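Asks:
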Amino acid sequence: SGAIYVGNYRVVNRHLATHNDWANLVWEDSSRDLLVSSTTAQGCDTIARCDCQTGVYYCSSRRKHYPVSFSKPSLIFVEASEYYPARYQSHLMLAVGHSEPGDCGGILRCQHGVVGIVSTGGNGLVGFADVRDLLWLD
Ligand SMILES: CSc1ccc(Br)cc1CC(=O)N1C[C@H](C(N)=O)CC[C@@H]1C
Ligand SMILES: [Zn+2]
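The authors' numbering runs 6 ahead of the 1-based position in the sequence shown.
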C-alpha cells in the first residue's frame, strides 16, 4: 500500500484504488496501473522533473529503504493477474531489488523528489510506475 499526495491530488496504484478514489476520479490509465483522485486537503510531496536513473525506494515487506539503479520508463510485458489480462504495462522502470505484491505503492525518490511508485516485481526484481511526465500534478 501507499500513495503520493501533491497539491489537491492523490496518486495510487489503479489496482488498489478505493471506492472514494473512483468517486473523486481525476484521471486513470490501466496501461500504466495509475489512478489520480482529488483531495480536500493540501498534499505533502514534491514530484521530480529529471532523468535520474538512481534513487531510493521504500520496501514495506522489509520495513527498509534500498538504493536502486533503474531502467528508463518503457513498455514491459506483465503476466496476467487477478487485476489485468496479460499485457504491456507502459511507463514502467525495472530495478534489481526485493519486492512482494503488498509492496505496491512504496515511493521511489531521487535528490529532486518523487519519481514513481512500486507497481510490479519478480524474483529479485522490482518495477516502478513513473510519474515524472505528469506535469499537471503541480
Ligand atoms: C511488487 S508486485 C510483485 C512482486 C513480486 C512478485 Br514474484 C510478483 C509481484 C506481483 C506483480 O508484479 N503485480 C503487478 C501487476 C501489474 N502491475 O499489472 C498487478 C498484480 C501484482 C501486484
Ligand atoms: Zn532526479
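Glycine is no exception: its CB is placed at the ideal position from the N, C-alpha and C atoms.
1. One question on the structure: do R55 and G119 come within less than 9 angstroms of each other, judged by their Cβ atoms?
2. Could you tell me the boundaries of the alpha helix (DSSP H) in which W28 lies?
3. Give me the residue from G111, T60, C50 and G128 with the minimum Cα distance to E85.
4. By Cβ distance below 7 angstroms, which residues in the same chain neighbour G111 in space, the five residues on each side in sequence not counted?
5. Between which residues of its own chain and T45 is the CB-CB distance below 8 angstroms, once the five residues before and five after are set aside?
6. Could you tell me whether the Cβ atoms of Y64 and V74 are closer together than 9 angstroms?
7. Along the chain, where does the beta strand (DSSP E) containing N19 start, and where does it finish?
Replies: Taking the definition as stated:
1. yes
2. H25 to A29 is the extent of the alpha helix (DSSP H) around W28.
3. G128
4. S7, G8, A9, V18, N19, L22, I123 and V124
5. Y11, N14, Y15, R16 and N30
6. no
7. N19 -> beta strand (DSSP E) spans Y15 to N19.
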